[PDB]
Structure formats: structure tokens, C-alpha cells
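Heads up, the chain below is alone and in the form deposited in one PDB entry; it's given as C-alpha cells.
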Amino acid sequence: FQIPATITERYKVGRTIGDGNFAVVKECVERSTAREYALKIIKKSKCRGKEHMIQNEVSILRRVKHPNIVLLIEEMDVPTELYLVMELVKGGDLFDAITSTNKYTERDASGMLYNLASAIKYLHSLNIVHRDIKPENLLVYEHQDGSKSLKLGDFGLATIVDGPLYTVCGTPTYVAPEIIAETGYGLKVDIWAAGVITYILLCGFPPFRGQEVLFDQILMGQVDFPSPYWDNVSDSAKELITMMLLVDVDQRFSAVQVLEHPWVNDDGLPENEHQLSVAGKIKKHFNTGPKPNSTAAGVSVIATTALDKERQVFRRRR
């Protein structure tokens, strides 16, 4: 790679941190600020014929400015490659945000859902559906006071909604019913995914576990709060998740209605005295990504592109 002068003059590019089928990720420290970013290099020879899938992702990243999102800092376009300076979030993913968190309570989970719901609200205001909201795409941004804020990344499936979508995209665990049914879906699939995540935040395992049995569970949308894991969980929290996981799209909460819900709106409702023994269930059901502040932390989100995306949901044909 012959990095353009414009980049190397203001950024000191270092080692290759990550790699992909269509993208390479390198170290990238801004010289003036000494702030650490990620230099995403896309070989244009690989994206030919499918320019739109890359270009549509970038044009979205170009527009979205929100603290709870992995932002595109700068882009340098040359005939042979596309350069993208991306935010390098090193605090680990959502599962690490639970594990690393001692004295983990309902206030912590509610705080994370606020960051998530806020980001979704911002996207939906621009008529952008993410379609890939999952713990692996929620990186942790650690502040100087020790507090944490989530940042939604991987816009490889993101798209503008002009009407009902029908492409069966997404991870089976977090996919909404209307996607599975192929009856037409829109923005509120992000709410469903966020609802699945919220359920995991409070007990450490998905609401729908069941492959075909899983799809049937999602389609029916019957949320169970089994004992004793949900006994000491607030009813307001269980009420919220119920409204986020409604099969009826119109009844299902919007991003606003989630943020306006007491358990999210009022920062006094969430329990902060009694902890949530969730760490045990996370390891049992989910994988563990790169260690926080490791070399490969938050790199996977940047290493991937829209061309790396594939269908995963396959019902037994009716």
C-alpha cells in the first residue's frame, strides 16, 4: 500500500491490526492530537461490480453523527483504494460491559439501553435501519470517571427505508418475526433486536433459544420470564421488554417510546442496590470476544464490510 500524502501527513499509520476479505485495518494515530484511530483500507479491485453496497454504507457513515455510534472520522478516496479513518473503540463489546462491571445492577443495564435506544432513535429519524444490532456490534467507550457508553458499529447491513424490506438479513437470535415471515419489515426490527439484548442484559440468556424451533418461538413472540432469574427483576423492566418484543409492529414500541418508558426515562426506577448474577449465564450461552484494550479489540467491527454479509436464516420451506 502506498498511503496517500494527505493521510500520512496528519496520521502516523502503523501495524496492520485486522484483516478481511475486502478490507485491511491498520494503526492510525492522529499526529496533532495523538488520538488513536483505525485506518480501513478497501481495495477497489474487489468491490468492482458491487460499488453500491460499499458506497451506500459509506454515505450513511458520512451522515450519521452521534456519540453512541462508531463514527467515520475521515475518508480519502483514490483510484485504487478507499481509505476510511474509523473510531477504534477498545473497551470490549457488550458482553464485556457486563462481565467487567462489578456491582452490576439494573441501573447499568438501563444505562446501556439508553445509549442503544438513543442511537436507534437517531438512525430512525434519518430513516436508517441497522438490521445487525447485536452484542458483538456494541463496543464499550470508557470515560475518564470510569463510566461507560456503548457505540453501535458495523453498518454493513444498514440501509435507507423507502418502503417494506424483504431480504432475510440478520442473526437468527436477534431477527424480528416479520423478517422471518418475509411479510415486509422496516425500522422497528432494530427495536426487536434491542429488546432481545435488553432481555439478555437482565438474565444473561436469550428469550428465544428454541433451528426451526427458534424461528417458531420468534414468530409467536411469547416472552417467558422464568424463575428464579426474573423474580427480583423489576416489573417495569419486564413490561418494557414485552412492548419491545411485540409481533404486532404497530403495537411494538418505537425508539422514542422506549426512551420515554419509566425504566429508561426515570433514572431512579432501575434497581441499583441488589446486583444481577448474569455473568455465569453469558459464558454458558455466548462467546467471549477480544479482551478489553487488547490489540484485536473493536477491530472486527471495522474489518468487516457490506460484502462480507450473508444470509443466515433459513426456514423449512412451507
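Each form is matched to the other, and the largest set of C-alpha atoms that superpose within 1.5 Å is called the rigid core. Residue positions are given as counts along the sequence shown, with the first one as 1.
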### Task
Output yes if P67 is unmodelled in at least a third of the other compared entries of this protein, no if it is modelled in all of them.
no
#### Entry: Coordinates lacking for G49, a third or more of other entries
yes
### Message
Neighbours in the displayed sequence, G210 and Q211 may still hide a gap; how many deposited residues lack coordinates there, none, 1 to 3, 4 to 9, or 10 or more?
### Response
4 to 9
### Entry-level comparison of average CA B-factors, 110-118 and 223-231, reporting the higher stretch
223-231
### Query
Looking at the deposited entry, does 119-127 or 68-76 carry the larger mean Cα B-factor?
68-76
### Task
Have a look at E260, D250, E57, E27 and flag the one whose Cα has the highest B-factor in the entry.
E27
### Task
Have a look at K44, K40, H52, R63 and flag the one whose Cα has the highest B-factor in the entry.
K44
### Query
Taking the entry's C-alpha B-factors for this chain, is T173 in the lowest, middle or highest third?
lowest
#### Entry: Chain-relative CA temperature factor third for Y166
lowest
#### Entry: Modelled-residue ranking by C-alpha temperature factor, third containing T99
highest
### Query
Of the three thirds of its chain by CA temperature factor, lowest, middle or highest, which one includes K90?
highest
## Note on the structure
Of the three thirds of the chain ranked by Cα temperature factor, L269 occupies the highest
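As for the form solved in complex with a small molecule, it is not shown, yet the points below apply to it.
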### Message
At 4.5 Å between heavy atoms, is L88 in contact with the small molecule in the bound PDB entry?
### Response
yes
#### Entry: Residue contact check: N137 to the small molecule in the bound PDB entry, 4.5 Å heavy atom
yes
### Message
With the partner left out here, check for me: in the bound PDB entry, does some heavy atom of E9 sit within 4.5 Å of the small molecule?
### Response
no
### in the bound PDB entry, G195 touching the small molecule (heavy atom, 4.5 Å)
no
### Query
Tell me, which of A38, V58, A255, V64 has a heavy atom within 4.5 angstroms of the small molecule in the bound PDB entry?
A38
### Task
Can you work out whether the small molecule is within 4.5 angstroms of a heavy atom in all three of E106, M112 and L240 in the bound PDB entry?
no
### Query
Of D108, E178, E136, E81, which one's CA moves 2 Å or more between the shown form and the other one, core aligned?
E81
### Task
Using a superposition on the rigid core, decide whether the Cα position of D250 changes by 2 angstroms or more between the shown form and the other one.
no
### Query
If we fit on the core, is the Cα of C47 displaced 2 Å or more between the shown form and the other one?
yes
### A117 C-alpha moves between the shown form and the other one by 2 Å or more, core aligned
no
### Message
Can you confirm the direction of the Cα distance change for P67 and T33 in the bound PDB entry, closer or farther than in this form, given it is 3 Å or more?
### Response
farther
### Query
Would one find the Cα atoms of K148 and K26 closer or farther in the bound PDB entry than in this form, where their distance changes by 3 Å or more?
closer
